[PDB]
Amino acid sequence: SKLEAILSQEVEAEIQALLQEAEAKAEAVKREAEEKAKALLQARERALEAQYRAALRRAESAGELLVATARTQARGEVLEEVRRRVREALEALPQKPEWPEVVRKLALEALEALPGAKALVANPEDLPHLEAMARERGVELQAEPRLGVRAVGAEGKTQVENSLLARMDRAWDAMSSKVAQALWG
């Protein structure tokens, strides 16, 4: 029957269009993925690349802080040594053949700062030396505080002194600057 023959070819020709519809609707699915994956893995390469350099920045920034400390660590080992030698130098002064000469220098120097003045102080490390302006001036030498000289004036008043080590903490603290340049010039 040729009439239904045409119904076959027609229906069958419809089959051929359904399958093709599917194929393209599959190919687009296949290609939807190909892009979908490409677009995420690109995005996860990005995030990791930052997770690299910015990590390395904080690593590089660390090393400079270890080098900076390292250097500051070294300068302290030096600067403290220069401190000891100034102290050692001030502590080896008494047994040197130049110590009595210095004695009344600071004794007189303070004596000027206290114009009134009743008496003065000092160790047997020094005091005995005070005979020069012990004969002259006031003549009061009584007390014991061993590196430095003090004074008491206005009968009592505020008893002003002058410690030899108090000169260091001032003068060291001041031109600790001229010293650091002199060192690393």
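For every residue, the number given is its place in the sequence shown, counted from 1.
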Residues without coordinates, deposited sequence, stretch from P145 to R146: is the count none, 1 to 3, 4 to 9, or 10 or more? 1 to 3
Chain thirds by Cα B factor, record data; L79 belongs to the lowest
Just say lowest, middle or highest third for the CA B-factor of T69 relative to the other modelled residues in its chain. lowest
Using only modelled residues of the chain, where does the Cα B factor of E14 rank: lowest third, middle third or highest third? lowest
Divide the modelled residues of the chain into thirds by Cα B-factor and specify which third, lowest, middle or highest, holds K38. lowest
In terms of the CA temperature factor given in the entry, to which third of its chain does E161 belong: lowest, middle or highest? highest
